[PDB]
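As structure tokens, one chain now follows by itself in the form deposited without D-mannitol (MTL).
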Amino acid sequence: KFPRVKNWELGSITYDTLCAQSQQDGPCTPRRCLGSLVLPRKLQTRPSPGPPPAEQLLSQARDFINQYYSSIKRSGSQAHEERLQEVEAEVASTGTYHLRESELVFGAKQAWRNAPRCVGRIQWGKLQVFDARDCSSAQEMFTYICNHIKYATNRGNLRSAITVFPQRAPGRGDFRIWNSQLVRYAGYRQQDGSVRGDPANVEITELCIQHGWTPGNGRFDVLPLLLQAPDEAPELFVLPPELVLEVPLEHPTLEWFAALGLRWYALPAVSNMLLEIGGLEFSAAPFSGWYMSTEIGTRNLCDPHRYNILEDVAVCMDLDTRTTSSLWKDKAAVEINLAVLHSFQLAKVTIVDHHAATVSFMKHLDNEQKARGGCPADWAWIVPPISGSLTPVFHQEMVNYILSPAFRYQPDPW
């Protein structure tokens, strides 16, 4: 049952004993493997048609409480048993319970640490947790969000942070940030079916306009936020421009690159994922750290279904776009990623290239093998979108599983 994991570059071997702590199932079965699939239906965090079985919740709760007390080394102590009784007393009476701030802080860090698709987990211990559970309106959500952005951005010296809004309650709507990220560019479906801006945001762009936003017409227009308090229609809030740090893209040696007018925001703040700690679900808990250059240079700017600039750059580079064998695509992509690194560095905005990132992830895997006996990792997401085998992670076998606390996907609120 315990997987023999091998590193093909070093020839070393380790055994993942941590996967035995996985209580939640993945999409894979012995008959077939579905690991390369992005979204699920089995792993998806379904709404509250009523309260989930007190036994199920009490079981996830006690385990989390056990995890917390081990973390502070006060396991078995009086404080530990009294807390377990508190949780049980609360679930038995109300069908749910609440976390203390220190437990929420520990839970958020473990969720990040347990994230299989995150290559920046060496930073898991350093996380600023903003308790926003004292929130009752969309307007209050906006203030907490603005403060998250101000803190996280820090004039370019990015700091990892997460803001946790009120947990889900049975028989009541969720607190939700409709946007997939706190900062995203609009995608305007221009008549011909084409798109001006980010194609990945066409839907959220349409909703913002549908809710009163007067749209622009640029390729890089920062979107307003649609914040939703329980059982209320989402409200529109335009983020203050001084809060949104952006980096104009230019190349270190190619003068004309800047002419392309490309740019990207500094803060990657995913805001559509659910944070589950001890059975409790936080439907609104935006998190952020800092970008790895390939996210912008390769995926956001070069994906065919995104900005898709590979050809424009190749033409400017005077490459042979007539045939695939000239590797015009590979060359253009390398310069674009280089332009991203040069630009962010020039602007004094935190960023990490894929080589540095994967090297530190390998160190993280080692730290974790000693600390927990394994590390859940999704190979397809950990290995960068360009130069895969040129990085150490490509040659490392990985085991993917779900541990809790965890960040999970959830249905779109509309």
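Note that residue numbering begins at 1 and tracks the sequence as displayed.
The form solved in complex with D-mannitol (MTL) is left out here; the points below concern that form.
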- Query: Is the gap between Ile204 and D-mannitol (MTL) in the bound PDB entry 4.5 Å or less for some heavy atom pair?
  - Reply: yes
- Query: Does D-mannitol (MTL) get within 4.5 angstroms of any non-hydrogen atom of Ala200 in the bound PDB entry?
  - Reply: yes
- Flag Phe2 as yes or no: does it have a non-hydrogen atom within 4.5 angstroms of any non-hydrogen atom of D-mannitol (MTL) in the bound PDB entry? no
- Check whether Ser180 has any heavy atom within 4.5 Å of a heavy atom of D-mannitol (MTL) in the bound PDB entry, and answer yes or no. yes
- Contact with D-mannitol (MTL) in the bound PDB entry, heavy atom within 4.5 Å, among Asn147, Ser137, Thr321, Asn272 goes to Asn272
- Message: Heavy atoms within 4.5 Å of D-mannitol (MTL) in the bound PDB entry: which stretch in 226 to 234, 180 to 188, 244 to 252, 331 to 339 meets that?
- Response: 180 to 188
- Message: Residue by residue through 355 to 389, which ones have a non-hydrogen atom no more than 4.5 angstroms from D-mannitol (MTL) in the bound PDB entry?
- Response: none
